[PDB]
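Below: the structure, in structure tokens.
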Amino acid sequence: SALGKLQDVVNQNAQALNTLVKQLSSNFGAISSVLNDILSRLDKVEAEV
Amino acid sequence: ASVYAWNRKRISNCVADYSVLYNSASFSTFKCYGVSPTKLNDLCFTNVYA
């Protein structure tokens, strides 16, 4: 437990990157989380929205 | 079927060609709500319910 200051700086970056990665799964109000599924399922005029 | 008691035939274990359906210009509507009719031939599914 002594090296808390250094381990904290590593842990903050780990939480920040894991949050940034997890956010790729968020729909943001689109019909899917995965870009390739939208491009598979939908034609340009709708897929662009 | 009469709409009070609509049928729901399961379609399964097949190869399909939805362009054959889409090219049947006698169909007065072909609206699609989670896929585009042009893309259907590239897709695959667990089931289709008619």
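Here's how to read the names in the structure tokens: chain A, B, ... by the order shown, residue numbers from 1 in each chain, ligand numbers from 1 in the order shown.
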
Go through chain B and flag each residue having an atom no more than 7 Å from chain A; for those, report the closest pair of atoms plus their distance in Å to one decimal, using only C-alpha atoms, ordered by chain and rising number, as JSON lines.
{"residue": "B:35", "atom": "CA", "partner": "A:41", "partner_atom": "CA", "distance": 4.9}
{"residue": "B:36", "atom": "CA", "partner": "A:42", "partner_atom": "CA", "distance": 4.9}
{"residue": "B:39", "atom": "CA", "partner": "A:41", "partner_atom": "CA", "distance": 6.0}

Keeping only C-alpha atoms, write the selected residues as a PDB file, in the first residue's frame.
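Contents of selection19.pdb, as written:
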ATOM      1  CA  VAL B  35     -32.999  -3.178 -42.953  1.00  0.00           C
ATOM      2  CA  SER B  36     -32.906  -1.829 -46.550  1.00  0.00           C
ATOM      3  CA  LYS B  39     -29.209  -5.215 -48.612  1.00  0.00           C
TER       4      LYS B  39
END

* Might you pull out every residue within 12 Å of residue 23 in chain A, with only C-alpha atoms counted and same-chain residues fewer than 6 positions away left off, and present them as an MDAnalysis selection string? => chainID A and resid 16:17 33:34

* **CA of residue 18 in chain B to CA of residue 3 in chain B, straight-line distance in Å** =>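 Going from CA of residue 3 in chain B over to CA of residue 18 in chain B covers 24.6 Å.
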
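When DSSP is run on the backbone, the residues of chain B that fall into strand (DSSP E or B) are residues 10, 11, 48 and 49 of chain B.
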
* Asked: Counting only C-alpha atoms, which of A:14, A:9, A:49, A:3 gets nearest to residue 30 in chain A?
  ->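 Distance minimum relative to residue 30 in chain A lands on A:49.
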
* Skipping near chain neighbours, those fewer than 4 positions away, what residues fall within 12 Å of residue 49 in chain B using only C-alpha atoms, listed as a ChimeraX atom specification? -> /B:6-12,45

* To do: Among the residues of chain B, find those DSSP assigns to helix (DSSP H, G or I) from the backbone and print them as a PyMOL selection string.
  => chain B and resi 3-5+18-22+40-42

For the residues in that selection, give me C-alpha atoms as a CSV table (one decimal), in the first residue's frame.
chain,number,residue,atom,x,y,z
B,3,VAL,CA,-56.7,-10.0,-39.4
B,4,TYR,CA,-58.4,-10.9,-36.0
B,5,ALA,CA,-56.5,-14.2,-36.1
B,18,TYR,CA,-35.4,-11.3,-51.7
B,19,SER,CA,-34.6,-9.5,-55.0
B,20,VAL,CA,-37.1,-11.9,-56.6
B,21,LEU,CA,-39.7,-10.5,-54.1
B,22,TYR,CA,-38.6,-6.9,-54.5
B,40,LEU,CA,-31.4,-8.3,-47.8
B,41,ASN,CA,-29.5,-10.6,-50.1
B,42,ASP,CA,-26.2,-10.0,-48.2

* Point-to-point distance from CA of residue 48 in chain B to CA of residue 31 in chain B, Å rounded to tenths -> 16.3 Å

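CA of residue 37 in chain B lies 10.5 Å from CA of residue 23 in chain B.
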